[PDB]
Amino acid sequence: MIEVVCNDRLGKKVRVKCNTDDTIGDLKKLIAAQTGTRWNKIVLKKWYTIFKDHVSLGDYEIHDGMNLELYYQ
Amino acid sequence: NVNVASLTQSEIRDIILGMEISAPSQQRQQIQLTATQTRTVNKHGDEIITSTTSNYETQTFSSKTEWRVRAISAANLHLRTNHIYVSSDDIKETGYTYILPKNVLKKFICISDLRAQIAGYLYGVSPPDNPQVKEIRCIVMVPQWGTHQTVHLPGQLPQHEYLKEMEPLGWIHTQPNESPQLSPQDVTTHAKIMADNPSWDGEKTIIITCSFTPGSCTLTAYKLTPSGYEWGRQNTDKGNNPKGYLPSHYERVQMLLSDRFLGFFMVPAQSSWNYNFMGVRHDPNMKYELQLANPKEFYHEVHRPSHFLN
Amino acid sequence: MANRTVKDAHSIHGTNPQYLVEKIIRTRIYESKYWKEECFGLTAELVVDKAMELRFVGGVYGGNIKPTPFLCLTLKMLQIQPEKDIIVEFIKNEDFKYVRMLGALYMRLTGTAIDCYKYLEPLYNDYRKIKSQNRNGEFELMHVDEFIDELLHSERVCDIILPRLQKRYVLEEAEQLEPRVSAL
Amino acid sequence: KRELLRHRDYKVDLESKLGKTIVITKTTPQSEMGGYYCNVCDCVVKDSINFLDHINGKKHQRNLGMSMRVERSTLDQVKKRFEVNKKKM
RNA sequence: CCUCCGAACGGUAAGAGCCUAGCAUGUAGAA
C-alpha cells in the first residue's frame, strides 16, 4: 500500500494511503474522505497534465511518496 | 571535381601534406516564413486553432504515394516499355488462341500509371477463319479509379457501333508489381464481368494482366475456371488476399502479340478514361458513351486537373 | 463584457444570478467555444433559437471541465434574467422537450419553493426520452420525469449545486401548497 | 449614441484555413498574414478562441457602434419566435 | 502494548509581441 501526498499549495496538503492497483477514482475518493470536497469534484494534475479516473495508479507511475497537485472542478 | 583556382592556401597545404576530410549524408547539421494553421490545445486543453511560423514540424514526407512523386515517376514511362517481358503461359489451345495487336498493347502500356490499377475491356471479333486465333480488337476504357491491386470501372458495359463486329475477349488490367498468379481483385472483377456482362463468356472470357515488371512490363494471359469463376463472383472478401480462393480459380493462357493487325482503342467521348485523380465520378451507375479515340495520359493536364487549381 | 450580468437584473437568492453556477464551472463556461461563438449578444428571443437545437442535456464532461451547450444556455439566461412568465412559456411548451427542461432548470435555480413545486410538479407526467451526456462524454437515455425528479430531490443537477428547496411537507403543513395530486 | 449589441447572424470561418499554408514575406500585409484579421479593427490574432475573445470584446463592438447592453425581449417576441419555428418545421 | 498524523517560504528565466478580461472605479461642484 503506497502513500501519495496530494497537495494544494494554497493549503489542503493531504496524505493518502492507496494501492497501486487503485484507479484515480479510488484515490480521488480517499482524498475526498480526507479533505471534504466530493470525489467527483477533485482534479489530480501534474503541472498541466490531468490524471484520468479510469487509469490505474500503476500505469501513471504514481509511486510511493509522489506529490500530486490538487485542483477542483 | 573541384576548381584548382578556388583552392585556398591552407587547402593546398593540406592537399600536399596529407589528406582532407569528407562529409557523409549521415552527418547532420541539426545544431521566407510559412504560416501554418493547426488544430491544437492550449496549456489548459481548450482545443484552439493556431497559426504558427516556427519551422520545426514542417518537414514534408512526400514518398511513394504523392501525386507529384507519382507523376514524376510516370515521366519517362515510355522509355520503360522497351523490354516487354511477355509470359509464355501453358495454355494448350483451350479456346480462341491469343493473337493480340502489338501497337495497341504498346500504346496502352505507355499510357498507364504504375500507382493505381489501370484497366480496360479488351474486345474484338476473331479474324477470318479463326479456329484457334482469337481477335484482340481493341481496349475500351471508361472513367474509373483504381486501387493498388484492382481497378474499379463503370458498371455499364461498353456498347458501340464499332463494337458490333467485335466480340468481348476479356478485360486487361495492369497490376502495380509482378505476381505469378491472378490476384483476388482480378478474380472478383472477372466474376463480376461474367455475372453481369453476357459477353463475358466462360471460355470466351480472358484476363490480360499487363502488370509492371522490373524494368519492363509483364503481360500474362489468364482465364477463370467455372467453379473458380463462381467462387470469385460470390467471394465477398474483396481485399488483396480474400478467404475462399484456390489455385484452380485461375489458369494461364497461351497467347502472343504481333504488329500485323492494327488494333483499335475505345476512348471516352465525354471525359478521360483515367479518372483516378478525380474520385467523385467512378461509381456503379456510370452509363457513358465511348468513342473511337486513343487513351489519354495517365497524368495529363485533363486527367487530374484539380491539382492545377492551386 | 460578454459575460457581465445585465445591469437591469435582480439579485437572486441574495447573490448575482450568474453565481448560482459554481465559480469553477462558470469560468469553464466563459472560456468555452460554445459560449463565445453561439452565446454572445443573445437575448431571450435567441436563447429560444439555440434551445430548440439542443440535442442533449448535461453538465460538464471529460478530464477537462467542458460545459455542454445546455449548461451554457442555463448560464446565459442566469445572465439575462428573463421575466418569470417568459420562463413559464418556456416550460409550458410541449413539442420541444429540451426547451422545457432548460426552462425547468432555470426555474429550479431561480424560482422560490412555491414556484418550483407549482411549475415543475406538472412535468412528472412527461415521459419523453432524452439524451444526457455523462462525465466521461458518453450519452445516456433518461426521461423528463427523471430529470424533474433530480431537480426536485437531488442536491446537484447538471453538475450545478442547486439552491436549497424547502421540503414539500413543510409547505404542505403551511397550507401554501395543496398535496401533490398525481395523474393516478 | 451607441446602439445595443446585436447577435451575429453569420457563422465564423475559424476552421476555414486549416492546412492552407501562407508564405509570409516582408511586403505581405496583415490581411493575408497568418491567423485571423479584424478588418474592422485592423488587428491580427493567432488563435480561434483568442479571435473569438476579440470579436466579443468592448473595443471591437465599439468600432461597430455597439455597446455592452443586450435588448430586453418581451413575452410576445418569445411567443412569436416559438410560432415562427413551429411554422418553419 | 508502542497511534505525535504539521505547514508555508527558501521553486519568478529575462525579453518581444498582440488580444481580451477580472478589475471596479465612475453618485461632486456648477453655471
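Following Swiss-Prot, chain D residues are numbered 45-133, in order.
Placed from the backbone N, Cα and C atoms, the Cβ positions cover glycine too.
Lifted from Swiss-Prot, the feature list:
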{"type": "CROSSLNK", "residues": "D:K45", "note": "SUMO2 cross-link"}
{"type": "CROSSLNK", "residues": "D:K55", "note": "SUMO2 cross-link"}
{"type": "CROSSLNK", "residues": "D:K61", "note": "SUMO2 cross-link"}
{"type": "CROSSLNK", "residues": "D:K64", "note": "SUMO2 cross-link"}
{"type": "CROSSLNK", "residues": "D:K70", "note": "SUMO2 cross-link"}
{"type": "ZN_FING", "residues": "D:80-104", "note": "zinc finger"}
{"type": "CROSSLNK", "residues": "D:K102", "note": "SUMO2 cross-link"}
{"type": "CROSSLNK", "residues": "D:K123", "note": "SUMO2 cross-link"}
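Sequence features annotated in Swiss-Prot and their locations in the structure.
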residue: D:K45; record: SUMO2 cross-link; DSSP (3 states): coil
residue: D:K55; record: SUMO2 cross-link; DSSP (3 states): coil
residue: D:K61; record: SUMO2 cross-link; DSSP (3 states): coil
residue: D:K70; record: SUMO2 cross-link; DSSP (3 states): coil
residue: D:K102; record: SUMO2 cross-link; DSSP (3 states): helix
residue: D:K123; record: SUMO2 cross-link; DSSP (3 states): helix
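When the neighbouring Cβ atoms lying within 10 Å are counted for each of the recorded sites (D:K45, D:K61, D:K64, D:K102), the highest count belongs to D:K61. Put plainly, the recorded sites D:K70, D:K123 were compared by Cβ crowding within 10 Å, and the winner is D:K123.
Those recorded sites from D:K45, D:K61, D:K64, D:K70 lying by chain C, with Cβ under 8 Å from one of its Cβ atoms: none. Between the CA atoms of D:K61 (SUMO2 cross-link) and D:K102 (SUMO2 cross-link) there is a gap of 26 Å, rounded to the nearest whole number.
Put simply, D:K45 is the one of the recorded sites D:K45, D:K55, D:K64, D:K70, D:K123 whose Cα lies nearest to the Cα of D:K102 (SUMO2 cross-link). Of D:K64, D:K70, D:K123, listed as recorded sites, those near chain B by the criterion of a Cβ under 8 Å from one of its Cβ atoms are D:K64. Comparing D:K45 (SUMO2 cross-link) with D:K123 (SUMO2 cross-link), their Cα atoms are 31 Å apart once rounded. Other Cβ atoms within 10 Å of the Cβ of D:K55 (SUMO2 cross-link) number 9 in total over all chains. Taking Cα separation as the measure, D:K70 (SUMO2 cross-link) is nearest to D:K64 of the recorded sites D:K55, D:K64, D:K123.
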